[PDB]
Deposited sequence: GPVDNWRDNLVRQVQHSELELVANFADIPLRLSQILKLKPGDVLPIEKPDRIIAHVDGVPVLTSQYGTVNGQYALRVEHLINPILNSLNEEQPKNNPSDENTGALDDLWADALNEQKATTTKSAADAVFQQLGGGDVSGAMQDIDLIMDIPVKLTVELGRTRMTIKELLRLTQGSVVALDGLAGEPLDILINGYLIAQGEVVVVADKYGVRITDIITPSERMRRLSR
């Protein structure tokens, strides 16, 4: 009540100079992922298969990442025995999101391996591309023969990319 489950389709390691030059039509090459990580507030919480359900992008949860063993039906122990003119050209990661879903806590905590989660993104409709956790663009997954990529369909201005990048 209420958090966002966020599915990352891919992370694309680019240099800042490439990012400042990106324009609609540019294709960023990627490896097609088989499993992907979903996160909450930037924290990875599960790995999963992905695909579509009813034309919506969706996840089949494979593994919870570092799950907590439920021991709430027993008393807490006092101890645990387990106790600028020239800008530097930095590498920057673009995150491409398959989509997000808003879920309640109760709902989030009640999924395990094999849980199917529907995302708010439609298949075909462009994906969010982020920088430092900020939306800067949209793109579409695209492929020739054997090679996969992400084609930029829409993007903010260089000055604004820089702005989201720094913060």
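Judged by missing C-alpha atoms, the gaps in the deposited chain sequence fall at residues 1-16, 100-143, listed in sequence order.
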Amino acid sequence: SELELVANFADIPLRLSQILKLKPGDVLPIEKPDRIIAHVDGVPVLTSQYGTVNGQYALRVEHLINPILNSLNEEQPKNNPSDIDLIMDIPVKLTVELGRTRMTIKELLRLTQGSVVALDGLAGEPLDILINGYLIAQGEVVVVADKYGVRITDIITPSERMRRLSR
From here on, numbers count along this sequence of modelled residues.
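According to the PDB record, 101-109 carries the higher mean C-alpha B-factor of the two stretches 101-109 and 38-46. The stretch 70-78 shows the higher mean C-alpha B-factor when 84-92 is compared against 70-78 in the entry. Taking the deposited Cα B-factors for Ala10, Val144, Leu14, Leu20, the highest one is held by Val144. The maximum CA B-factor among the listed residues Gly51, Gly139, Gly133, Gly124, taken from the PDB record, is found at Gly124.
Per-chain ranking of the deposited C-alpha B factor places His63 in the middle third. The deposited CA B-factor of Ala118 belongs to the middle third of values across its chain. Ranked within its chain, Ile129 lands in the lowest third, by CA B factor from the PDB record.
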